[PDB]
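# Remarks on the overall topology
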Amino acid sequence: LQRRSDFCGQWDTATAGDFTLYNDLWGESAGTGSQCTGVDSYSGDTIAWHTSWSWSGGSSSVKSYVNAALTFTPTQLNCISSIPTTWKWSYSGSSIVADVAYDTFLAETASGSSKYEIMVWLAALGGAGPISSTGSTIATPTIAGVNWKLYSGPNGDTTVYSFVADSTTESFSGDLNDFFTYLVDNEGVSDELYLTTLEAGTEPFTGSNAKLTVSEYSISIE
Ligand SMILES: OC[C@H]1O[C@@H](O[C@H]2[C@H](O)[C@@H](O)[C@H](O[C@H]3[C@H](O)[C@@H](O)[C@H](O[C@H]4[C@H](O)[C@@H](O)[C@H](O)O[C@@H]4CO)O[C@@H]3CO[C@H]3OC[C@@H](O)[C@H](O)[C@H]3O)O[C@@H]2CO[C@H]2OC[C@@H](O)[C@H](O)[C@H]2O)[C@H](O)[C@@H](O)[C@@H]1O
């Protein structure tokens, strides 16, 4: 028999080389729809995958964060020399309100609660916007070959910094650690914090008959 192979459950996952591919439909209760995900290929620190979705309702509420998460031991920033990454992706769908973003977390201890979250958005689609206490940038730095718009704002007892590419970026390669150095140098983030999480995926708000194709994604820590 041939069956649907994509996984669709709220907390379903797949293991793929150095990655976990999470469905992470954490916000599904905020609306109506569904989301199914699958691995296409993998080899060590590289993965190709896709996700398709339709979400309605809860227009300002994220429904999910399907993502490829690197398996690694939490490491203090001052022990990291570079985090090379490459990401090639494309989106299809209608009325897509979503981002394509890295999601990363810093904590005082390896097993402890997060203190900072750092997102790096390669795309803001359909008017999607980052968490921001003002609605405006705090800085507009050039990092890893891209001109970014940096925002900040709270999420519970954490501060979220979001670097948003000036233009939609379907193909990206550079050193993700440059974003952590930037915040250590410019925003008072301690270089003694542990990087606990390195994820790359998409946050949908609303849209229909959407599909993200990640043709290539790689990341490592040196
Ligand atoms: O009992 C059911 C199963 O629970 C699983 O645990 C889940 C928790 O119940 C969820 O609370 C948790 O949701 C978080 C999710 O993993 C993150 O991806 C998401 O990150 C947000 C971030 O908060 C936001 O600041 C940033 O802008 O955007 C990212 C991406 O969307 O955050 C979720 C929680 O925060 C939101 O909800 C609470 C609000 O107060 C807050 O404002 C919201 O933002 O997810 C876990 C599962 O997470 C794990 O798997 C998915 C991975 O992607 C993730 O990294 C892993 O930690 C249990 O694990 C299961 O065993 C249970 O069956």
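The PDB entry lists the protein chain under the name Xyloglucan-specific endo-beta-1,4-glucanase A, with Aspergillus aculeatus given as the organism. For this structure, the PDB entry title reads "Crystal structure of xeg-xyloglucan". Word for word, the UniProt comment on the protein chain under Function is "Catalyzes endohydrolysis of 1,4-beta-D-glucosidic linkages in xyloglucan with retention of the beta-configuration of the glycosyl residues. Specific for xyloglucan and does not hydrolyze other cell wall components." In UniProt, the protein chain has this text filed under Catalytic activity: "xyloglucan + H2O = xyloglucan oligosaccharides."

## Regarding the site of the ligand
Around the ligand, the surrounding shell holds 15 residues, and the nearest of these are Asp 24, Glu 117, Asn 155, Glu 199 and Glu 203. In the model, an oxygen atom of the ligand is placed 2.7 Å from a nitrogen or oxygen of the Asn 155 side chain. Protein coverage of the free-state accessible area of the ligand, which is 1000 Å², stands at 50%. Elements with a minimum of two residues in the shell around the ligand: β8 (114–125) and β13 (194–219).

## A word on the pattern of salt bridges
Enumeration over the complete set of coordinates arrives at one salt bridge. In this structure, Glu 108 and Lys 115 form a salt bridge, with 2.8 Å as the shortest nitrogen-oxygen distance.

## What to know about the nonpolar core
By size, the foremost hydrophobic cluster in this structure holds 55 residues, and its most contacted members are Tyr 91, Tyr 102, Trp 148, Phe 163 and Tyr 217. Ranked by size, the runner-up nonpolar core spans ten residues in total, among them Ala 101, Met 119, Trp 121 and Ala 128.

## Comments concerning the state of the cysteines
Overall, the coordinates contain one disulfide when judged by the stated rule. One disulfide in the model links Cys 8 with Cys 36; its S-S distance is 2.1 Å. For the disulfide bridge between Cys 8 and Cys 36, the dihedral angle about the S-S bond is near 105°, and by the sign convention the bridge is right-handed. Separated by 28 residues along the polypeptide, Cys 8 in the segment before β1 (13–16) and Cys 36 in strand β3 (residues 32–43) bring together distant segments of the chain.

## A closer look at helix α1 (residues 177–186)
All of the buried residues along α1 are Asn 177, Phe 179, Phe 180, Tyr 182 and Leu 183. Of the residues trailing α1, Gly 188 is marked for its positive phi of about 75°.

## Considerations on the environment of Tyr 116
Positionally, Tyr 116 belongs in strand β8. For the pair formed by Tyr 116 and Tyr 161, sequence separation is 45 residues and the distance between their alpha carbons is 7.6 Å. Residue contacts for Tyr 116: discarding those within four places in its chain leaves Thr 104, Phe 105, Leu 106, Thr 159, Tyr 161, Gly 188, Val 189 and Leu 193.

## Details of the pairing of strand β2 (residues 19–22)
Bridging between β1 and β2 involves four bridges; their strand directions are antiparallel. Of the residues in β2, the one forming a bridge with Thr 13 is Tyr 22. In this structure, the hairpin formed by β1 and β2 is closed by a connection of two residues, where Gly 17 is found at a positive phi of approximately 60°. Where β2 and strand β5 (residues 66–70) come together, four bridges link them in antiparallel fashion. Residue pairing in the sheet places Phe 19 in a bridge with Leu 70 of β5.

Definitions and cut-offs
- Residues numbered from 1 in each chain as written, not as in the entry; some residues may be left out.
- Heavy atoms only, no water.
- UniProt positions renumbered as here; feature names shortened; annotations may be inferred.
- Near = heavy atom within 4 Å.
- Polar contact = N/O pair within 3.5 Å; in protein donor to acceptor, adjacent residues only side chain to side chain.
- Areas by Shrake-Rupley, 256 points an atom, 1.4 Å probe, with all protein chains shown as cover.
- Helix = DSSP H or I, 4+ residues; strand = E, 2+ residues; numbered from the N terminus.
- Salt bridge = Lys/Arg side-chain N within 4 Å of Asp/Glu carboxyl O.
- Core = buried A, V, L, I, M, F, W, Y, C linked by side-chain atoms within 4.5 Å.
- Buried < 20%, exposed > 50% of the residue type's maximum accessible area, 1.4 Å probe, protein only.
- Disulfide = S-S within 2.5 Å.
- Contact = heavy atoms within 4.5 Å.
- Pairing = 2+ DSSP bridges.

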